[PDB]
Structures are given as structure tokens and as C-alpha cells.
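Next up: just one chain, as C-alpha cells, the form deposited in one PDB entry.
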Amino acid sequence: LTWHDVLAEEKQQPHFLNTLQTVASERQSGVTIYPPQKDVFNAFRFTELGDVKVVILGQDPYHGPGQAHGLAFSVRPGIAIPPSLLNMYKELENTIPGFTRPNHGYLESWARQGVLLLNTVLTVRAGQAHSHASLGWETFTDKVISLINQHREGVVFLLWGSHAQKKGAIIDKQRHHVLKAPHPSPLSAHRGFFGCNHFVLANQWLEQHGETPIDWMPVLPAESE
């Protein structure tokens, strides 16, 4: 099954389509909306349903120029690493053998290994956090999570912060593996995100079940001649 197979009906629901209408309207009314329309669903593009190994929820897309490009916690090449991702990198550096601080915040290569980097809200107005949170995106991502729970087996979910924890509170904790911790934002990272060890634990679960671990060191697309 592909994402479109399992979400085709969901994407004909008014809460979904009216959301996209709203976004398209605001973009033409002098409001900058992030990410660009072609990037809104990049988490799905880069991590097909059958390839999901680890789900990491974000909440809102980043709301500044150059930041959001459709993957939770990631930013485009050449853009500063946002504080939440810096704290993820610090936990990685303290736990994954050989990890060192990347010089970029671009996480496509996680997605390409099976890490679904899913914000629960998929658009935002420039400079205004949570400004699209009361559209239909949470309903849409509730359905995404429900479908992974039902259609996949042995997925590791990393639920960071209360919002994410609530979002994933009904995941099957026997067929899947649910790990919780405070959010890596500077407001909460020292309240238990540091020390959560989720990246190693996720890889050990995956290993235990015959899946390859995630290489958490993210890499930029290369140059050609």
C-alpha cells in the first residue's frame, strides 16, 4: 500500500480540501505561507508508507524564510540550524558512536532511510507560529498516524513534548515501539530530552527485528560536474 492508497479518501474530505483552499487564498492575499506549496507533503514524498521505520513528530512548520521545506525539524541547506534541531544534534552527539555536529540542518537523508518527519500541522503564516493550527491539518495527521498504526508493524515512534505524546497516545505499544520524552526546544530540552537516548534505543529496536538502523548523521545532496 502507498500513502495515496490509504489516504485517498481522507484527501477528499472537506477538512482537508478546505485547508488547502485557505492556504492558497492566503498565499494570493499578500501573506507568505511556509513551506512552499510544492514542499508541503515532502515527508510523504521522501518516506513512503511501506518504508516508514521511525516516526518523529513535529508540531508546527518553521515559520521563517528558508526554514520549512516539508520535513519536521529540518531546514534547507545554507540555513542556520534551529535550536530544536541543535538540541537533537547534541543528544545524538552524546549517544551515537562516531556522531559529530553536522554543518547544516537538512534532514532529507533521514527521511530517505525511513524516518517519517511529520509535523502535525503542515503550513504556517510567515512569522506567526501556530497560525494554521485550527485548520484541518491535525485531523489529517491524526489519520496519518492511525494508518501507520494499523497498516505497519514494528515502527518506532519518538514522541517529544506533550502535544506529540497526546497525538500518539493510542498507538499500539505492543506491535509498535513508543518512546516518550520532553521536546528538544530550548524551553524543554533540559527537562528530560537530554538523556532520553531515543536515537540509540530506536536503532536497537530496529536491529532486534532484523531492520537496519538509521544513520543519524544527515548529509547534503552532492555536486555534479
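One rule holds for the numbers: they count along the sequence shown, beginning at 1.
Form solved in complex with a partner chain: not shown, discussed below.
With a 4.5 Å heavy atom cut-off, would you call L20 a contact of the partner chain in the deposited bound form?
Although the partner chain is absent here, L20 would touch it in the deposited bound form, with heavy atoms inside 4.5 Å.
Would you classify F140 as touching the partner chain in the deposited bound form, given a 4.5 Å non-hydrogen atom cut-off?
Yes, contact at 4.5 Å.
Report whether the minimum heavy atom distance between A129 and the partner chain in the deposited bound form is within 4.5 Å.
The answer is yes: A129 has a heavy atom within 4.5 Å of the partner chain.
Give a yes/no on whether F16 approaches the partner chain to within 4.5 Å in the deposited bound form, heavy atoms considered.
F16 belongs to the contact set for the partner chain.
Have a look at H183, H69, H177, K53 for me and say which one sits with a heavy atom within 4.5 Å of the partner chain in the deposited bound form.
Checked against the cut-off, the match is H183.
Just one of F199, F193, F44, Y34 has a heavy atom within 4.5 angstroms of the partner chain in the deposited bound form, so which one?
In short, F44.
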